[PDB]
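Here's the structure we're looking at; comments come further down.
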Number of protein chains: 6
Amino acid sequence: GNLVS
Amino acid sequence: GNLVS
Amino acid sequence: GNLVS
Amino acid sequence: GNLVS
Amino acid sequence: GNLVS
Amino acid sequence: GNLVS
């Protein structure tokens with residue numbers, strides 16, 4: 001999974 | 001899954 | 001932010 | 001931020 | 001997984 | 001920040 005802020 | 005803020 | 005796959 | 005795959 | 005801030 | 005794969 002990916003988290004981009 | 002992906003989270004983009 | 002940006003996510004490009 | 002950026003994520004490019 | 002990836003985290004980019 | 002940036003992540004490019």
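Every chain in the structure tokens has a letter given in the order shown (A, B, ...), and although residue numbers restart at 1 in each chain, ligands are simply numbered from 1 in the order shown.
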Please identify all polymer residues within 9 Å of residue 3 of chain D, counting only C-alpha atoms, omitting same-chain residues fewer than 4 positions from it, and present them as an MDAnalysis selection string.
(chainID A and resid 2:4) or (chainID C and resid 1:5) or (chainID E and resid 2:4) or (chainID F and resid 1:5)
